[PDB]
Each structure stands twice: as C-alpha cells, then as structure tokens.
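Reading through the structure tokens given below for one structure.
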Amino acid sequence: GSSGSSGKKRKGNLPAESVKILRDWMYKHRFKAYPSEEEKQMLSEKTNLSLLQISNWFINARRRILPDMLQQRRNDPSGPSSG
C-alpha cells in the first residue's frame, strides 16, 4: 500500500512548539546540522511544515541555533573578496 499528500502555503518563521521537533534533532546532529530528505520529510510530519521550509529554517537556524547549542567559537574570519 502506498499514498501521499501535498500542500502549498507561505509563512514566516516556525512556531516554537514546532521548532522543538527540528531543534531536538539539530542538536544530536549539530555536528553537521544538515538533515537528509528523509529526516526532513519525517519531521515535517510532526511540525506540519514543507520540506522547503524545513531546510530553509535550518539555514538561518544554523546561524543562531547551531551556534547557540554547539557554542563552537571557531574564530575564523573568511578572507574578503575585494571585488
């Protein structure tokens, strides 16, 4: 037996209650903070978001959350472009 669903909508950030689902995972995997088509699709079921939103959130989230949980002070200023 096989089946599926669809949904197209537009919304800003995600609701904490929902984020928790993503974060909780981003923590254990904080190492890379990059889920797989499977991981995302899985969480999207609990958060009720769209694969697009999932990864999208991780992007900016990995700039405030990842660094907030991992707290890895790399201190490596990527050289400029000068162009």
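Ordering of the structure tokens sets the chain letters (A, B, ...); residue numbers start at 1 within each chain; ligands are numbered from 1 in the order shown.
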
Open item on the list: So that I can check the surroundings of residue 15 (chain A), please list as an MDAnalysis selection string every protein, DNA and RNA residue that reaches within 10 Å of it, counting only C-alpha atoms and ignoring chain neighbours fewer than 4 positions away.
Closed with: chainID A and resid 19:20 47

Just want the 10 Å neighbourhood of region 61-72 of chain A, counted on only C-alpha atoms, with same-chain residues fewer than 5 positions away dropped. Output as a tab-separated table (two decimals) with C-alpha atoms, in the first residue's frame.
chain	number	residue	atom	x	y	z
A	13	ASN	CA	9.45	31.54	10.86
A	19	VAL	CA	10.70	24.15	16.10
A	22	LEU	CA	13.61	20.37	14.36
A	23	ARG	CA	15.95	21.66	17.06
A	26	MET	CA	19.61	19.64	15.04
A	27	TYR	CA	21.22	19.14	18.45
A	28	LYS	CA	22.14	15.46	18.29
A	29	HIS	CA	23.18	16.06	14.68
A	30	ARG	CA	24.50	19.54	15.46
A	31	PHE	CA	27.80	18.10	14.22
A	32	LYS	CA	26.63	18.82	10.67
A	33	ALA	CA	23.20	20.31	11.36
A	34	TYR	CA	22.18	19.04	7.92
A	55	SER	CA	15.78	23.10	5.25
A	56	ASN	CA	15.20	26.85	4.90

Open item on the list: Just checking: using only C-alpha atoms, which residue out of A:5, A:14, A:45, A:78 ends up closest to residue 57 (chain A)?
Closed with: A:14

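For the atom pair formed by CA of residue 6 (chain A) and CA of residue 60 (chain A), the distance is 25.0 Å, given to one decimal.
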
Task: Residue set, chain A restricted to helix (DSSP H, G or I), as a ChimeraX atom specification - done: /A:16-28,37-47,51-64,66-69

Using C-alpha atoms, can you write the selected residues to a file as a tab-separated table (two decimals), in the first residue's frame?
chain	number	residue	atom	x	y	z
A	16	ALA	CA	8.41	27.16	18.87
A	17	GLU	CA	6.26	24.12	19.63
A	18	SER	CA	7.07	23.01	16.08
A	19	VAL	CA	10.70	24.15	16.10
A	20	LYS	CA	11.38	21.93	19.11
A	21	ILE	CA	10.97	18.99	16.73
A	22	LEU	CA	13.61	20.37	14.36
A	23	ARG	CA	15.95	21.66	17.06
A	24	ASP	CA	15.89	18.47	19.13
A	25	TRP	CA	17.28	16.80	16.01
A	26	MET	CA	19.61	19.64	15.04
A	27	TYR	CA	21.22	19.14	18.45
A	28	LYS	CA	22.14	15.46	18.29
A	37	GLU	CA	15.47	14.30	2.55
A	38	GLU	CA	14.30	11.53	4.89
A	39	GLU	CA	14.92	13.34	8.18
A	40	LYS	CA	13.18	16.49	6.95
A	41	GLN	CA	10.16	14.73	5.46
A	42	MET	CA	9.94	12.88	8.78
A	43	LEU	CA	9.94	16.00	10.96
A	44	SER	CA	7.60	17.79	8.56
A	45	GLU	CA	5.03	15.25	9.75
A	46	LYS	CA	5.38	16.34	13.38
A	47	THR	CA	5.85	20.05	12.69
A	51	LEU	CA	10.39	20.24	3.10
A	52	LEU	CA	11.25	23.64	1.65
A	53	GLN	CA	10.56	25.40	4.94
A	54	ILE	CA	12.38	22.71	6.92
A	55	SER	CA	15.78	23.10	5.25
A	56	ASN	CA	15.20	26.85	4.90
A	57	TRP	CA	14.81	27.16	8.67
A	58	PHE	CA	17.99	25.14	9.24
A	59	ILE	CA	19.93	27.64	7.13
A	60	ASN	CA	19.37	30.72	9.30
A	61	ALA	CA	18.82	28.47	12.32
A	62	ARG	CA	22.37	27.17	11.93
A	63	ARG	CA	23.49	30.78	12.34
A	64	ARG	CA	21.80	31.38	15.69
A	66	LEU	CA	23.50	25.69	15.90
A	67	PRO	CA	25.99	28.21	17.36
A	68	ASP	CA	23.73	28.65	20.40
A	69	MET	CA	23.68	24.93	21.20

Hey, what's within 10 Å of residue 7 (chain A) if we count only C-alpha atoms and toss same-chain stuff fewer than 3 positions away? As a compact mmCIF listing (two decimals) with N, CA, C and O atoms, in the first residue's frame, please?
# COMPACT_ATOMS: atom_id res chain seq x y z
N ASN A 48 4.46 19.70 10.73
CA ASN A 48 3.43 20.02 9.75
C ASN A 48 3.90 21.13 8.81
O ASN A 48 3.12 22.01 8.43
N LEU A 49 5.17 21.09 8.45
CA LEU A 49 5.75 22.09 7.56
C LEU A 49 6.06 21.49 6.19
O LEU A 49 5.75 20.32 5.93
N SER A 50 6.69 22.28 5.33
CA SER A 50 7.05 21.82 3.99
C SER A 50 8.56 21.65 3.86
O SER A 50 9.33 22.51 4.28
